[PDB]
Structure formats: C-alpha cells, structure tokens
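Chemist: A single structure is presented below for examination.
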Amino acid sequence: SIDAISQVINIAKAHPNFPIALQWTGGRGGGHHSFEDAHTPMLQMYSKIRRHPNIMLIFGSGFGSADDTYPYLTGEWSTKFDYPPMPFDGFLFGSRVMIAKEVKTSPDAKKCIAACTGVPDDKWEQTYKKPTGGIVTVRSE
Amino acid sequence: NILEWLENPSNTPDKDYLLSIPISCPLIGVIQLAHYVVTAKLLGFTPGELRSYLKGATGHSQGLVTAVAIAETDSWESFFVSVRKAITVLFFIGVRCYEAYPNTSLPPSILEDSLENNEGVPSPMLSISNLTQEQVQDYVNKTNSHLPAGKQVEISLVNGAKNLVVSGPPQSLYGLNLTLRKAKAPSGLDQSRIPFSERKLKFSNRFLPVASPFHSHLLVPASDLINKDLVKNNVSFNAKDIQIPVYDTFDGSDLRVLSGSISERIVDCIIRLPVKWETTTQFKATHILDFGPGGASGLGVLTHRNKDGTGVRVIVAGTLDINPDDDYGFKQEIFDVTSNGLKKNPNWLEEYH
Amino acid sequence: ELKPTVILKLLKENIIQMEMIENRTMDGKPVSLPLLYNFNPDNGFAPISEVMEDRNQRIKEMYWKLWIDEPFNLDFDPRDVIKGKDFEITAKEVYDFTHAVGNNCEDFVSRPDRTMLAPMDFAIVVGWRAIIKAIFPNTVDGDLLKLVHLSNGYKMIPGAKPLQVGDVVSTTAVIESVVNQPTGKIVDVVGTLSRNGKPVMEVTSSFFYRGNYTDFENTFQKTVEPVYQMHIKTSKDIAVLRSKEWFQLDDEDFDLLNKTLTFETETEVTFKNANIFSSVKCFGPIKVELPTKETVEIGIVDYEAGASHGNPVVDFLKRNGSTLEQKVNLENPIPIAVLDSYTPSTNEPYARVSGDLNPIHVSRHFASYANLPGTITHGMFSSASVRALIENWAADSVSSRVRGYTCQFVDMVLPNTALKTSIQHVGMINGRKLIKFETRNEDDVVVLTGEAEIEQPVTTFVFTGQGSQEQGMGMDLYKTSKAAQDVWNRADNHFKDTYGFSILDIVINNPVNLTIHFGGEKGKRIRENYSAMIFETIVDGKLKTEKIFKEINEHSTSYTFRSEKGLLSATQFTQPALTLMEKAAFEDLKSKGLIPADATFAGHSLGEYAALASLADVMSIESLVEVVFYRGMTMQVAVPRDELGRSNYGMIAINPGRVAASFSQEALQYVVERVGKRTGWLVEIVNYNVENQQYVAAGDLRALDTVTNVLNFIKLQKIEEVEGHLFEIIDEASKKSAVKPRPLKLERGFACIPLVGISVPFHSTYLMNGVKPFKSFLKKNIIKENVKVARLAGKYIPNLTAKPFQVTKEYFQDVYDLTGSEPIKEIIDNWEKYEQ
Amino acid sequence: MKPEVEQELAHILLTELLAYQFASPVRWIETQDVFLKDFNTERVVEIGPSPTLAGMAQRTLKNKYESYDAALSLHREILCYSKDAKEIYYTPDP
Ligand SMILES: Cc1cc2nc3c(=O)[nH]c(=O)nc-3n(C[C@H](O)[C@H](O)[C@H](O)COP(=O)(O)O)c2cc1C
C-alpha cells in the first residue's frame, strides 16, 4: 500500500547507494494479495519513487505476456489515465509460470490452472464474493 | 494609501479589508509587477528583453492582466504605461465586481458549524481536491437543482484532474460543503482492509482566501460596466503591440489571434468564464516562471503538480527559500549563474526510456 | 475645506452677537445661531450677560432649519397629531444607510432575483421629521442644545412585513407624554409608519430637555397600564366591583361569580404640579375569560376625576388582582455572544443618511457650547449598529426575524471608541425570544442598554395520536406547571361531574378495573349521563341508534370498566389522557411564552383534536374531553364483538422498504386494493406515515393476515397479466388465512407489525355511515363563535386535506375530491352569495 | 367577505374535516411535505408522551429532505417534548 511504498522510499533514502527493487504488486496478483488497486497507488507514488534513482520499479500482479506488459514497459499505460508516461524497470510473472514444464505442479493441477479462464483487471474485485474466472479469494490463518 | 500602509505597518488595515477584491486585485497585480521588475533589474534585462526571452506568458484568472501587460512592455519608459494599464484594469474589475456582488456577513450559526466541523471560514470560492470533474459537477448539479436560479453555484477554476474550485454565494458553497461532508468519509479512517472498489471516496475541501465569486454568473452584470469604463479610462490591448503568445484561460487559445477585444476577453475570463488550467498548460516549455502570490502555496507549485513528470521545471520568483524535495525551483534558481541554476525536471518518458 | 464657524461682533451698541454657523445643512446653505449677550460696562466683574429672552426660540429656529424642511411655525397644538411627508425607500438610500451604520446583512444588500429589504433602523430615517417635530412647540419649551435622547425603540405590528425598497411609507407622530420632572422635561413621542394605508410599525422616542420647568398646564401623560387579572371567587368581590363607579358592564346582570376578569386600562393624567394631577382619566375594556381561554369584552372601565393624587383604578387592581406580564423570563439567562463595535471617526455620513444634522455630533464649537466632551456620535447610530449585531447573531442575520427593538442611551459615546456589547437571551414574549443587550465603552462604563424581540425559527407543533399509554403520563408537568394543573383539574372535575371517574386517578394508578356506582342523586345523574350517549349510524338512509353501555338502565346500580392489563391502555381512557397531557404541555408552553404567533400545527388522529383545542382554542377543556371520550367509547360499539370482547377487525403497520428496496407506495396501494377487491373483505391504507417505509393498513384482521402473507410472498420471492398473477397470490393467501377462527391473532411478518390494542378500523371507509351523526355531535360540542379564522388559517393542516387550512372555494372543492358532503356542495354552489 | 360569514364557513369546514377524519385516511406524507418543504420549518416541536411523530419527521427528512436541507442551509431541529424539553424550554445545561 501507500504506507509500504513510503517505507520502501525511506529505506532507499537511508541507503541511496544500495539498489532496492520495489516489486509492486496490486491486489489482483495471485497468492497472498492486498486490497489495493494495481494502478492508482503507482499513479500516486511514482514521482516519489523516481525521486530516488536507486529504486527499481517492477510491475507484477496480472501479467502473463509481452503484449500486456509492453504498455507498462513504455509507460504509455498512464496516457489513458490522464497522466504522463510512466515507464517501469521490470516485471514479475508469478501465476503465468505456474504451468511451466519444470515446475513441480502436478499434471492435473496444471490442467486446472489452464482451465481457469481468468478475468480482466476491472473485474478482479469480484473475487471476495463469488468466483470469477475460476479464481476466488479466501482467508488465511 | 499603499505607501502609508507600507511605511507604517502598525496602522495597516485588517486582513479582511485587504483581502477584499477592490484591494486584492490591484495589489496582487502590483506584487506580480514588482516580482517582474526585481527579476528584470537584477538580471540586467529591460522588461522588453526579458519578455522576448520568455517563450510565453499566461495567468490564473487575475494574472492574465499582468501577463498581457508584460507582453505589452517594450522598455523601461513604456513600462510605466503598461503598469498603468494593468493596475487600471485590475482596479476597475475589482471595483465593479465588488459593486455587483459585495460581500455580506453570514450567520454565526453557519460560521460556527463550519469552524466546528474542521472547515475554514465560508467564502465565495471553495476548492475541492482529490475529486474528479464529473463528481464535482454532479454535486454542483444537485446543489443548483435544490437552490434558486439567483444562488446557483458553478465550477470556476478547473485547476487539475483532481483539483477544482466552485464559485458562488457563500451560503450556496456552505450547502455544497454540507453535501460533500455527508458524502465524505472520515480522514482518519483505515480502509486498508476493504476492497478498493467498495472504499468510500475521501477528499479535502477548503474555502479559498477570496472575497468575491470569480468566474460566476453573479459577476456577469459587471462585465458590461467594465467594458464601457475601460474605454473611458483609455486602456486597451492590441494584438500587434503584443509580441509573445498569451494563452486564454478558458480554451488556451492565443489572445493575439482573437478577432474580438483582448481586454473584453480578459474581463470575461476573470469574471464569467472558468479557468481550464490544464487546457491552458498545453504549451510546450522546459521552464515555467511563477510570479504570483503565495510562493510555495502559489500557482507555481500547483502547475508543477499538474505537469509533474513531463520534464517541465517550475521556478517561483515570489519568495526566497529552499525546497528540500527540489522538485520545483525558487527565486535563487533564476539568478544563479552556475549549473545549479539550470535544473531540468525529470522526464519519465525519456529518463526511464 | 476651511469655512467660517463662529462670528463675534456687536449687533447693537450694548449687545454682543455670536453667530454660530453650521455649514453642514440639508441644502448646503449655512445656518447661523445668533447668540445675543448684553454688554454692561457698569458691572465690570461680569459685564457680559446672556440674553435669555428668545434664546430657546432662536435655538429651535436653527434646529428647525437644520432638520425640518417646511416653513417655520412653532405655534401648533402638541396634542394634535403631526403628519410627516411621504417618503420613498430607494436602493441608494438603503445602501448608504447600511454602509454608514455597519449593517452587513444580506437581506439589505442588492442580490439578483430577490427583493431588497430595508433595515428596521430605517424607520427613524423615514420619520425623523415627524418624530423630532414633536418636541418643538412653544408649549413644550426647552433648550434643544441641551436635549438628551434618553431612549428609542421600534415595534413591528404583527402581520406587517418588514420595510422593502420601493414602498411608500407615511409617518404620523404623536406626543405620548410630556412631563416636568425635577431634573427636566421628558417628552415621549410615538411615530406610526404605515404602508399602503395599513400600519407597519410604531417608533417610540424619549427626549429630555435638561433644565427647570414649571409649565404643568402644558404637561400631560398617556400610559398603558399593565394588564390586570382578577378571579371572582365570592359575592364579596362582585359587590366590591359593583360599588365602583368606573366599573361598568354592558350587561348589568352578567354573572361575574367564578369568572376571570381582565382589565386593559389606559391612563391620561394632566398635571397641576409635580405631585398632584390636575385631572385623571382611566379608560379601557373589561373582558371575561371564556371556557376556551378566550377573552371577550363584557364591560368598560371608565374613571374620570379632576384634581387627584393618583389613579384609584390602578391601585385597586394592583391590590386585588394579579399583573399579567407578557414577558416571561427563563430560569437562567443564555449568553449569546460578546461583540466589539468601533465607532467611526466622523459622524457626517450617518448624519446625512439619517437626516439628523444635530450640530453637537459634527461641530466642535457647538459641542463645546453644549458642554459635551466632544463631537459625540449619534445615539441612534449606536442603537442601529447594536441592532445590526443582534439581527446578525441572535436572529442569524434574518431581517424579518427581528420585530421589536428598544434601546436606551444611558451615557454618551465619542467617535473612535470600542463598544463591547454582551447579548443575552433572558425571556420570551408571545413566542418571541427576549434578548437583552448591554453595551460598555473602553472604560467599562455602560453606554447603551435595551431589549429586542427576535422571532423563533419557523415552528410547527405536531400532536401525537399513537403515543405510549404508560402510567404517569404528564404527571411531572402536572406537579410542576400551574397551567398543566389547571387543565388537568378542569378535565378531572368535568369527568367526575359527568361520568363519575377521575382521569387523573386513571393516569396515576392505571387500575385494571374501575367500578362507577349510581347511588344517590349524583349517582342517578351520572347514570343518566352514561345512558344518554349513543352511537348513531346511517344505514339505508336510516338513523339507527346503538346504545353504548348495554349493561346500564334505570335499574342499574353500577357499571364496571373491564380491561385485560390496565384501563389506561383502553382506547376510552388512553385518548382523553393523551389529549389532556398534550393540551397541558401546550398550555405550559404558552404560559412560558414559547408559542410563536405564526407557528403552524398538525395532529395525528385525535392529536388533531388536541391541536385544535391547543393552538386555535376552538373548544374548551370540557368539550374536548367530552368529544375525545365519546370517540373512545364509540370504538367499543363501532364493530361487532364476541362475548369476550375481541373484535374481528384490526390494523397492521407495513414497511415496504423491508419487503424490497424498490417497493413504492403506489405498488403497496395496488397490492392493498387488489387484495381487498379480490377477497371481497375490507382492507385499506389508513395512515401514510413515511414515504415507502411506514404505512398502516386497517380492516378485517383476517384480511390483514392475507395482506401480510402476500407481502411475505413478495419479499421471499423476487416478485392484466400482473393483475392475474397478483390475484393468484391473493386467492392463495385468502384461502390460507380464512380457515382460522374469526377472532384470530395477526402474525407479525418480515415487514408487517400488528398494532397491539387496536380493534376498530378507524381512518377507514368502514366508519362512513357514522359520519353524519358524529358530525352533528361535533357541531354540538364545537361552537361557531369559538372558531377563529385568524388562528386556523395558514396554520392548520387537516388530515382529510393535508394542506394549509384556507377558507377558499378551491379548498372547499378539494374536500369533496376526497369525501363528498352535501353541505360542501351547498357552500360551493352558493359561494358567490357567501362572498358578498 | 364579511368576518361573520368567514367565521361561519370556517366553522362548517372544520366540523366537516373533523367528522370525516376518522372516515378517511390521514395523509401524513402530504402533511410532512407541507410543513417541511412548503414552509421550510426550521424547528419541529412534537407534543406527546413518546417521540413517535418526531421520529417520523426525522426519518422523512433522512429519506427525502437531505440534499434540500443541505443546499438551503436549513438547520431542521426535531424536538420531542418528552426528551427535548430542555431545547423546547430554552434551558441549556450549564
Ligand atoms: C502459487 C503462488 C504462490 C505465491 N507465493 C508467494 C509467497 O510465498 N510470498 C510472496 O510474497 N508472494 C507470493 N506469491 C505472489 C507472487 O509472488 C507475486 O508477488 C505476484 O503477486 C503474482 O501476481 P500474478 O499471479 O498476477 O502474476 C505467490 C503467487 C502464487 C500464484
């Protein structure tokens, strides 16, 4: 969230020489996730993040191809949002590689993962109430 | 008596009288012209030379008069002519606007409610931040529908995507503030555990230090009086005499190419039409020089926030201070000769290309 | 600029003339006050002597030239009324006055699409020429340079709108009272401002010619004595009153015993000297308090006497009766705010705007000659600034909300001084907040003090009908308030006399059973009272009679009221108790002065009757209790009941919001009508309480069960074709509910709440046959003379027609649009005859 | 119109309204709309043992007259005699 991004910025300020990789992931990301949107917190905190050159912005939480990450690489994803271009320094693909050949996931689990059709970003919030795209939210211990 | 007030601060008028528009308009113009004079003299440029070096000029509502006056300036001799025209225009618009819609004392019940609910003194202009134009316009539409035709409110300054100002009667703006408070979540609310879609939208509204409802229907009848009296005062701006582009506050078009009277357009901009600052800020420039009042709270920092990340530096000439973030300049950066003076704000598209 | 101010020369060889010129005038031409002094060289110690002859005349001539714009003529009767010139209120004049006084109220500032009001302080501007002309005549002789404005005040006449821009106001001044006190001559003037013929307000002004005066032949005093009240308890009081010559009655045989007389007297006294009046007259109406708390004139007080030391009428009334004070102080004052006002350096703008060109306020030399500390600011300016502050703070910057404002100028005020005014709310007068103000200068010295009457915000009085029937209802007010005691005692006495029970006892104790016994002559009278009352009904155009209290007859020795839990829960006793507690509460409020004159009122069910008896006083306590009690008893016989007393009818409270979020009142009415028509039984909405969230339906309790089941169906599911689909549900519910016994119990649904203790469908079409006889009973109880159109119109919102009560053809036509009545058609058809 | 004829007509109208009150439904929605919107009532005073009509007025205002009261700055003070006697009597707690 914003407080976490502020803490990361404070750590980068305390150690300007040491490289810090801010791996931003919205609530739409797989596994454990927060309630924050993937886009708006970046729109708020990008200027502060880039105020420190030693922070690398890595964008995950809902990426599985080059087509949907290229706008984030070039930064033109923000042009539709009435913002200037916002290039990102990298990406992380968590759920996209869950059905890779070398992952220890079982064949039936891989078939189930592939069977999950997914859901666009604007409808990711509809997982705390009912399943959408084959994925639903649950609560941990 | 500006000279007496300056010489003897003890017997200066009270802040409300000073903030009243018949004082505030000409005095703010004089302040902007003083900043321009200080800059030009300390740098050794004549006003005409400094203006020629400027790629463009503009202003937020009132500052358009000063911008066009600076564009008018040619030399130190005619600089007083330009100053006279600017002060005359500002004085007349202030006087006529005050006569059209003079301020009145509001109920102490309303004042007490506003102060008790962590709100400023009601004023004819209310700035709303962190709310989009569609939402602010919807609230204004509800308030107008439930108010009579004479007391309607409308958006005056479109400062940004999430920064607007509504102008109108202080009573109407207080009612709009009540509606916004009803629709506003507590500032000290923790919403981290609620989904983003289901989160209540939080925003900040505050009454600006203004004494009349600028860019409102209430000041419409003063427009004709101003137009008929500026010709009597012999104050007019000519496109040919203007030699740098000046961006109209409403649509951002250059005032030189306007078929109609530039003075009339400026008056209509200040009193009737809204200020679409984003639309006017479409000019391509690397550095912006803010001569307005407020310094860090002035127009320069707001423009910097609007244009952040586009590689456009903003330097405020109204005060001498240091910015720890260093994301906008100050008066020293204008006169610095070393590389510290030349600061280019980061361009995310190019820097992180 | 520099202009001549004083010219000293020799008018005569033995006279020194000091012309004191006042360059500030109406037409700009200077006016000089020639002060003549005799010069006697023989008396070397004091050669210069003031010429007292014609001195007051010359001062008055100069002041006349400054103030009044008519030919100088001091020879006119002070008793005769002064008529000032017509004055036109203009936007420029109001603008100048507001910005000279310091009035920032929005009501007086020009605004688009809204008329501009004028300040109440503008009355002195309008009528200065008439008010100040009162102190001029030669009969009221005195030194105008030594005049002191003791006090001023404004009084808005009720029903008069505040002054507006463009209206023409006529001013008419009259000397209320000129008297010679040892310290000087006090002259009290009253100037009426009238608009379009009607009178708008009255402005009182008290002036003081400081000096020594003995012309008592020209002194007179009018004074409105306080309203006096006498309760005639015995024939001794009647004999004492009849022994008084001044006490006269139109009806000499009027029965004064057990009556309250109100005396509103005006005293005119002409003075022979400082102590003994040359003539004393005391005249006014004497009125009696009717059962409806209405004072109606029955006589006149007319005392006339020559030389006397006092007025015996006032002394007698003070000694015997009690003083009725309209102003009622609160238990403690409520401080509003402490405010600071800075007097301007120059009094020229206020002088020009108000027309008060008194030289003492603008000229140093005139003030020095008058021995003042300086060019003292206008006392009227101070009063107007303070009134602006009160209307801003006490009245929340509402011009119309200020109706009275009296100010007293205890001490002078100099220019450029800080005035600290403390506003307090001390009492109420006729529903108007009484606000005191006390201004103090920088030296903590009081320079101004007075009262103001600020109308309360727009008030409505809504009288409950379905309140709780808890024990001890209104008893705290019965213990404390005297008016509540009077109301409750009158009701209890009437109930004891008529039906032989105590409503106070029923409220206090709530007995389960109450036995009324018919022994003795009083018991026989109570028994006949019980037998007389009958519920009449119209069936087939026939007046059938149903005798309430079946078990009462000539041979009956007692009757017992039967209740399950308590008698206070019974409709027969809970409704009189509710009406009485509400009436007592309102009477306590009225005694405290908390009832605005223009306040509106409404009432739910018999709350309407309570509201009529409270605000309009259409009927007395004795008639109100009779009507309410009869209505309560009629519910015992209005529906058939089994041997155990349980009736087949009832009421439920529906909540469409609980059934669904899009359940409209139209949808609920559709369901109700279709249920009723399909099932054939009686069911309909009786109370529309809250939009789409609270309604009440009445009818056969069995039918209410079907309605509850239908709404349960609609809630649980997502629910000509629509009519048939609803009719299917209606048949299902109808044949599901009818199997139960007739005196069933209505189960509470997800949105339906049965009303406990209700067993008759009132506010329904069922009780339509009984309207005409009940209307006759109401006509018997409510007297035409006691109905007050002023007190009903614009304030009463009937439940039948939920609009302001108005005596108009549109209103009468609207009555038929809901319920047809032949008298309404008679009135509508002959409306032209009634209009003439 | 003559005052006595006006009084007669008003009395007849009042008796008719009172007579048909129990034979007709009570239109308290219209009554509330009248005394809240048409008159802009700033203070409502409820005379009764319990705050029935007071709560009804509060709930009507919450449902319908919320933005209206906000826009026109109407401080609608709903007072019941049973609980808000201090506010009605102007006896604030010191
Ligand atoms: C199976 C799975 C396990 C994960 N485990 C962790 C974890 O142990 N710790 C963690 O910080 N994030 C974990 N994540 C989240 C991802 O590492 C990453 O932060 C991002 O949120 C994935 O977004 P995406 O699924 O849309 O690509 C996990 C994600 C998945 C799908």
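The chains in the structure tokens are called A, B, ... from first to last as shown; in each chain the residues are counted from 1, and the ligands are counted from 1 in the order shown.
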Could you give me, as a ChimeraX atom specification, every polymer residue with an atom at most 8 Å away from an atom of ligand 1, counting only C-alpha atoms and all ligand atoms?

Modeler: /A:23-33,60-64,92-96,98

Chemist: Pick out each residue of stretch 30-94 of chain A that DSSP on the backbone tags as alpha helix (DSSP H); I need them as number ranges by chain.

Modeler: A: 40-50, 70-74

Chemist: For residue C:194, list every protein, DNA or RNA residue within 12 Å, evaluated using only C-alpha atoms, and leave out those in the same chain fewer than 2 positions away; present the list as a PyMOL selection string.

Modeler: chain C and resi 83-84+86-87+123+126-127+156-157+160-163+167-173+191-192+196-203

Chemist: Which parts of chain A does DSSP call strand (DSSP E or B) when run on the backbone here, written out as a ChimeraX atom specification?

Modeler: /A:20-24,55-59,90-91,132,135

Chemist: Next, dump the selected residues to file, keeping only C-alpha atoms, as a PDB file, in the first residue's frame.

Modeler:
ATOM      1  CA  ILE A  20      16.389  -1.529  -3.913  1.00  0.00           C
ATOM      2  CA  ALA A  21      13.908  -3.418  -6.106  1.00  0.00           C
ATOM      3  CA  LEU A  22      10.377  -2.202  -5.350  1.00  0.00           C
ATOM      4  CA  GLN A  23       8.347  -5.158  -6.652  1.00  0.00           C
ATOM      5  CA  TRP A  24       4.943  -3.522  -6.728  1.00  0.00           C
ATOM      6  CA  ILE A  55      14.750   2.209  -6.626  1.00  0.00           C
ATOM      7  CA  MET A  56      13.777  -0.139  -9.469  1.00  0.00           C
ATOM      8  CA  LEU A  57      10.057  -0.312 -10.189  1.00  0.00           C
ATOM      9  CA  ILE A  58       8.930  -3.849 -11.065  1.00  0.00           C
ATOM     10  CA  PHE A  59       5.268  -4.304 -12.001  1.00  0.00           C
ATOM     11  CA  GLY A  90      10.888  -4.637 -14.831  1.00  0.00           C
ATOM     12  CA  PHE A  91       8.095  -7.156 -14.487  1.00  0.00           C
ATOM     13  CA  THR A 132     -14.813 -15.149 -11.291  1.00  0.00           C
ATOM     14  CA  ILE A 135     -10.350 -17.861  -9.013  1.00  0.00           C
TER      15      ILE A 135
END

Chemist: Taking only C-alpha atoms into account, produce a table as CSV in which each residue of chain B with an atom at most 12 Å from an atom of chain D appears once, together with its shortest atom pair and the distance in Å to one decimal, ordered by chain and rising number.

Modeler:
residue,atom,partner,partner_atom,distance
B:106,CA,D:73,CA,11.5
B:107,CA,D:73,CA,10.4
B:109,CA,D:75,CA,9.2
B:110,CA,D:73,CA,8.0
B:111,CA,D:73,CA,11.6
B:113,CA,D:75,CA,10.4
B:114,CA,D:73,CA,11.7
B:139,CA,D:67,CA,9.7
B:140,CA,D:71,CA,10.0
B:141,CA,D:71,CA,11.0
B:142,CA,D:67,CA,7.5
B:143,CA,D:71,CA,5.5
B:144,CA,D:71,CA,8.1
B:145,CA,D:68,CA,9.1
B:146,CA,D:68,CA,5.7
B:147,CA,D:71,CA,6.3
B:148,CA,D:72,CA,9.3
B:151,CA,D:72,CA,9.9
B:152,CA,D:71,CA,9.9
B:153,CA,D:71,CA,10.5
B:169,CA,D:71,CA,11.4
B:170,CA,D:73,CA,10.9
B:171,CA,D:73,CA,7.3
B:172,CA,D:71,CA,6.3
B:173,CA,D:71,CA,8.4
B:174,CA,D:73,CA,7.6
B:175,CA,D:71,CA,4.1
B:176,CA,D:71,CA,6.2
B:177,CA,D:70,CA,8.3
B:178,CA,D:70,CA,5.6
B:179,CA,D:70,CA,5.9
B:180,CA,D:70,CA,9.5
B:181,CA,D:70,CA,9.9
B:182,CA,D:70,CA,9.1
B:183,CA,D:67,CA,10.6

Chemist: Using only C-alpha atoms, which protein or nucleic acid residues come within 6 Å of stretch 85-96 of chain B? Drop anything in the same chain fewer than 2 positions from it, and give the result as a PyMOL selection string.

Modeler: chain B and resi 21-22+25-26+65+69+82-83+98-99+222+235

Chemist: Residue A:137: which residues within 9 Å, counting only C-alpha atoms, same-chain residues fewer than 6 positions away excluded, as JSON, numbers by chain?

Modeler: {"A": [127, 128, 129, 130, 131]}

Chemist: Find the distance between atom CA of residue B:276 and atom CA of residue B:184 and write it in Å to one decimal.

Modeler: 25.4 Å

Chemist: So what do you get for atom CA of residue D:27 versus atom CA of residue C:598, distance-wise?

Modeler: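 Atom CA of residue D:27 sits 22.7 Å away from atom CA of residue C:598.
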
Chemist: Residues of chain B within 8 Å of chain A, using only C-alpha atoms, as a VMD selection string?

Modeler: chain B and resid 161 192 to 197 308 to 310 348 to 349 352 to 353

Chemist: Would you list which chain B residues are within 6 Å of chain C using only C-alpha atoms, as a PDB file with C-alpha atoms, in the first residue's frame?

Modeler:
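Below is the file result03.pdb, written as the result:
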ATOM      1  CA  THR B 104     -22.096  40.187   3.350  1.00  0.00           C
ATOM      2  CA  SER B 105     -21.861  38.844   6.878  1.00  0.00           C
ATOM      3  CA  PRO B 107     -24.994  33.728  10.024  1.00  0.00           C
ATOM      4  CA  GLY B 150     -30.052  33.503  -8.394  1.00  0.00           C
TER       5      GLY B 150
END

Chemist: Tell me which protein, DNA and RNA residues are within 10 Å of stretch 133-137 of chain C, counting only C-alpha atoms, leaving out same-chain ones fewer than 3 positions away, and put them as a VMD selection string.

Modeler: chain C and resid 56 to 57 60 to 61 63 to 64 67 to 68 73 to 84 127 to 130 140 to 144 147 173 to 176 178 186 to 191 206 to 209

Chemist: For the interface of chain D with chain C (cut-off 6 Å, counting only C-alpha atoms), please tabulate each contacting residue of chain D alongside its nearest pair of atoms and their separation in Å to one decimal, rows sorted by chain and increasing number, as CSV.

Modeler:
residue,atom,partner,partner_atom,distance
D:1,CA,C:835,CA,5.0
D:7,CA,C:789,CA,5.9
D:11,CA,C:784,CA,5.6
D:19,CA,C:775,CA,5.0
D:21,CA,C:800,CA,5.5
D:22,CA,C:763,CA,4.0
D:23,CA,C:764,CA,4.9
D:24,CA,C:763,CA,4.8
D:25,CA,C:686,CA,4.2
D:26,CA,C:799,CA,4.6
D:27,CA,C:799,CA,5.5
D:28,CA,C:689,CA,5.5
D:29,CA,C:688,CA,5.7
D:30,CA,C:802,CA,5.5
D:31,CA,C:802,CA,4.9
D:41,CA,C:458,CA,4.9
D:42,CA,C:458,CA,5.2
D:43,CA,C:459,CA,5.2
D:44,CA,C:460,CA,5.2
D:45,CA,C:461,CA,5.0
D:46,CA,C:462,CA,4.9
D:47,CA,C:463,CA,5.0
D:48,CA,C:464,CA,5.3
D:49,CA,C:467,CA,5.9
D:50,CA,C:467,CA,5.5
D:60,CA,C:690,CA,5.9

Chemist: Work out how far apart atom CA of residue C:504 and atom CA of residue C:638 are and give it in Å to one decimal.

Modeler: 26.6 Å

Chemist: Mind checking which residues fall within 6 Å of stretch 33-48 of chain B, counting only C-alpha atoms, ignoring those fewer than 3 positions away in the same chain, and posting them as a short mmCIF file (atom, residue, chain, number, x, y, z; two decimals) with C-alpha atoms, in the first residue's frame?

Modeler:
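Dumped to part.cif:
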data_model
loop_
_atom_site.label_atom_id
_atom_site.label_comp_id
_atom_site.auth_asym_id
_atom_site.auth_seq_id
_atom_site.Cartn_x
_atom_site.Cartn_y
_atom_site.Cartn_z
CA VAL B 30 1.35 45.37 -8.19
CA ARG B 51 9.65 39.31 -22.28
CA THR B 73 6.03 46.16 -22.20
CA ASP B 74 8.77 47.31 -24.59
CA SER B 75 11.16 49.38 -22.47
#
